[PDB]
């Protein structure tokens, strides 16, 4: 990957809420030596959200005691008593290697988050795991993980949300050590499944109003919805979360944007948040990937994106996405191609593997319009991004690679007005990925794609009528 974060070696997994110290974002992420094997937390820092400097393990795997996901916060006021400005993290670990004993352990750092000391006793104990007995009780006790810490400024206390089976649990604390159980968050459509890597935060909308957001990684493939990040805007009163609407909204419609996490931007923490996710899906994450053989590592994170909350007619709010601004600093070349009308297919006179391409497509009677990236000259390999019916789809099927096929998870789709006869696309292509930001960023589709060395072409196509492709600009991306 030219511009996506990958671990120096080994298996990469869930990212953890970055903390800002030493004038940089300290990113933690699950890492193991063996694919899908036991591991812990590794450290990487970034000052712009594009380039990462890896620092190794901070919270190591220990005999039958792996470190699972959680989150880290900067205790500025020294509320926990480990010193002002100390970095405190909570993470789930299976006590005694027992799955039904998974609970929250606290780790702390007094050097900006480069070295951590473990607090021997868990701050939030899995009591269900000790009293469980029936098959249901066990299953319930075996889903008590991924704590996300947030400072409820209005109440002057800490609030933590923990993922569970089809519901979320909440705890409050004045020192990050002593927690008090609160009211759970329940939602009606369990076919949405989930509640892994929950997220809880406050953000100011474009109208100046303050809002709470509760989100989590889901699995709604069964009912035709994403397996990415779903969120509920609302409010937290100190006892429970009140969702404005129980039907969640989605942050990504692609195949690979899992365990995503968000964090305040250094420049505008109240209105602009940054977000990153693991580019994988458990439907197939447990396997070898091309990079295992070529470079001895498995997994990459998504591009970092910026998030803002925008008011919608009727008083509701939605999130908007856009690639992190600094990526502009890694552009090594900018190519513009002439507008053109296509009726059938046309190959563009450009080739590459790491770049961002923007374009506008307008049509009338065509029942299908789109663009192919990672197109091999033999014409057999390519990933298609286009508009059909009420879908803005991304079909990676033709890019399936022998030995690493992603079938049958080929055609991803985001909703788009059926009446749309024009669309703007912003597409980020790298050696093992494709990320599509549609129109104003309300919908995004992120997917890993195993491109072959020669999958460098780009073509345009339409079915049932001509289309006008304009504003074509290709920005090549390297390192700089």
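Numbering follows the first chain given and starts at 1.
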property: Mean C-alpha temperature factor, higher of 136-144 and 331-339; result: 136-144
property: Selected stretch [higher average CA B-factor]: 370-378 or 73-81; result: 73-81
property: Residue selected from 353, 210, 183, 308 by maximal Cα B factor; result: 183
property: Highest recorded Cα temperature factor - choice among 389, 323, 222, 248; result: 222
property: B-factor third for the C-alpha atom of residue 288 within its chain; result: highest
property: Residue 480 - which third its CA temperature factor falls in, relative to the rest of the chain; result: highest
property: Among modelled residues of the same chain, the CA temperature factor third for residue 465; result: middle
property: Entry-reported Cα temperature factor of residue 295, expressed as the chain third it lands in; result: highest
property: Position of residue 150 among the chain's modelled residues by C-alpha B-factor, lowest, middle or highest third; result: middle
